[PDB]
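For the single chain, residues carry numbers from 1 onward in sequence order. The figures here come from the full heavy-atom set of this structure, side chains too, leaving out hydrogens, waters and symmetry mates. Each ligand, and each atom within it, is numbered from 1 in the order the structure gives.
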Amino acid sequence: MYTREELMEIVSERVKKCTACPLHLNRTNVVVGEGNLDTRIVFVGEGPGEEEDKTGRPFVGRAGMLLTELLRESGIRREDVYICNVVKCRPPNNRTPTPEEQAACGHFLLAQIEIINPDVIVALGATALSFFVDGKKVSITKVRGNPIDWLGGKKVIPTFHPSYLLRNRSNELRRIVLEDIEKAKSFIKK
Ligand code: SF4
């Protein structure tokens, strides 16, 4: 009938045609998401930066290369998981997407999670976290590392966005994010 791959391609073609928010006027390429459609763990960030926009691929700039290393140090190959964002189009000057933009784009993310049907989601940063708590503004610093019970018994573990760890190179902060990723892994089923 229809495979996960075909469903994801339908999402991708709809994203490419999307003009539901002002971000479509700014982006060079939409950035849908990448990796393993049978992952039990999905990583979700905010939205594309410059290198993402140029390539159509998520987490390929500086924050993304850091993410690759966090995953490696957590025993995870990027190819084996799925990585995406709340918004699909790069905002002008890489500004934070507005709540209205996040709301317009969010149905695509919900569709990607429905297709993959993971056990656990790692929400990287405040925008991603907001998505999984009905759009509420909530401090990542205050709630990071605490699992959230989301739809269908899926667990969401919020942590810092890798951008933050670009600016603050402390070992303690890195160890905290690695502990959050390991807590995420512990919710993947047998
Ligand atoms: S950011 Fe999302 S809702 Fe906005 S135009 Fe791009 S694909 Fe559409």
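- Cluster membership for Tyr2 and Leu110, using ILVMFWY side-chain heavy atoms within less than 4.5 angstrom, is shared.
- Close contacts between ligand 1 and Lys88 involve ligand atoms 1 (S), 7 (S) [criterion: under 4.0 Å to a heavy atom].
- Between the side chain of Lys88 and the backbone N or O of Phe108, no donor-acceptor pair lies under 3.5 Å.
- Looking only at side-chain heavy atoms (C-beta outward), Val177 and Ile181 come within less than 4.5 Å of each other.
- One of the N, O or S atoms belonging to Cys18 lies under 2.8 Å away from atom 8 (Fe) of ligand 1.
- Heavy-atom proximity to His24, at under 4.0 Å, picks out these atoms of ligand 1: 5 (S).
- In the model, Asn117 has a side-chain atom that pairs as donor or acceptor with a side-chain atom of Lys154 under 3.5 Å.
- Residue contact annotation: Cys105 places no N/O/S atom under 2.8 Å from atom 4 (Fe) of ligand 1.
- A heavy-atom distance below 4.5 Å is not found between the side chains of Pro147 and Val156.
- Atom numbering of ligand 1 starts at 1 in the shown order; those under 4.0 Å from a heavy atom of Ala104 are 3 (S).
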